[PDB]
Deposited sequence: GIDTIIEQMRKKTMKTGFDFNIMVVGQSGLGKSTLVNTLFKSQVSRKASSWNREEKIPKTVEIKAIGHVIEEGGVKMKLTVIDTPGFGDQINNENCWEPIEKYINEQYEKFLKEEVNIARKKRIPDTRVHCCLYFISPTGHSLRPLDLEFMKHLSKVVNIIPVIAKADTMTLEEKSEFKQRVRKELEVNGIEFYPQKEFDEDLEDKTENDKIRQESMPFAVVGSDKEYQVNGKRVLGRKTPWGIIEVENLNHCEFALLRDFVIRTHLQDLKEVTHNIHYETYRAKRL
């Protein structure tokens, strides 16, 4: 009997893979948001190693948690461990793609999406964050996210989202969705809304559940009330959730393959 239960836990073939990474200083809620993402589609220690966690939704969703980077006294080249991980998956894929083993289906561990967490300071972006995002954008789709958005009043949040958008433009930071890859009027219309209003996504994370309106929901219980993570009246996690998992999942993979990976392959060959 005990043996019989073991095979059941072993287990689900999937049609495709999607891989998201979270990146930024320690203490910004990255690991919490990883768990939040997983609990939206079904104490946390400091993260000391890059770790990939997968779950079947059929698709295999992998979320890659990372140690804090860009939070030290000296941060020169602090992006290199992340770059190394990303390029390792490109190299893996390159060799799998030649396909000597003649598989029908090729495993894809490449990072299709990188959530870059920005601390909610109210002020101009850190030069370090600008530099970090610049290096990452060369090799992966970057999506800027404002961490711990419950830190901000409504006015502070609007002001800061606008500041971040302006400073990304001024500094020439490539982030997804890139205007360069808008196909038509429908894409330009939807993506302009995303670029100019929705982004950067101001999120709150929690893997704790509370009953609100007689329903179990993800929420953050502060001493002043329960912040409902998936309620758009409370934060923008649901906008981020739907953007990455529903509306632009396929687009993120296509840019990853046809642009970032092809750039890797070009340089490799």
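Chemist: Tell me which segments of the deposited chain sequence are not represented by C-alpha atoms in this structure.
Modeler: Since the structure holds only modelled residues, the stretches it omits are 1, 13, 45-55, 71-75.
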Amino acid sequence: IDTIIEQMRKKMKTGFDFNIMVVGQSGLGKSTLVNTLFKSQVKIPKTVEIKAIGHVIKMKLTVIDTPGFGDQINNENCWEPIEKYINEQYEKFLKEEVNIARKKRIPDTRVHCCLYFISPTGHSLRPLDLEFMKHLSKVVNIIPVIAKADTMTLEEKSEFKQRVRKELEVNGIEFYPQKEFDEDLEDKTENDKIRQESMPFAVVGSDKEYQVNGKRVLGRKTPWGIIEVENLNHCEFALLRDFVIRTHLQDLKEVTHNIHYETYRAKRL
From here on, numbers count along this sequence of modelled residues.
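Chemist: Read off the CA B-factors in the entry, average them over 92-100 and over 129-137, and name the higher stretch.
Modeler: Looking at the recorded C-alpha B-factors, 92-100 comes out higher on average.
Chemist: Comparing 202-210 with 220-228, which stretch shows the greater average C-alpha B-factor in the deposited entry?
Modeler: Result: 220-228.
Chemist: Pick out which of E156, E76, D182, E80 has the highest C-alpha B-factor in the PDB entry.
Modeler: Max CA B-factor in the entry, restricted to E156, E76, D182, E80: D182.
Chemist: Among the choices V56, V244, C235, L37, identify the one whose CA B-factor in the record is greatest.
Modeler: Highest CA B-factor of the listed options: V56.
Chemist: Can you tell me whether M21 has a C-alpha B-factor in the lowest, middle or highest third compared with the other modelled residues of the same chain?
Modeler: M21: CA B-factor falls in the lowest third of its chain.
Chemist: Ranking every modelled residue in this chain by its Cα temperature factor as given in the entry, which third contains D150?
Modeler: For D150, whose C-alpha B-factor we compare with every modelled residue in the chain, the answer is the lowest third.
Chemist: Per the entry's values, where does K30 land by CA temperature factor relative to the rest of its chain, in the lowest, middle or highest third?
Modeler: Lowest third.
Chemist: For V170, return the chain-relative third of its C-alpha B-factor as stated in the PDB record: lowest, middle or highest.
Modeler: Highest third, going by the recorded CA B-factors of the chain.
Chemist: Ranking the modelled residues of this chain by C-alpha B-factor as given in the entry, is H248 in the lowest, middle or highest third?
Modeler: Middle third by C-alpha B-factor.
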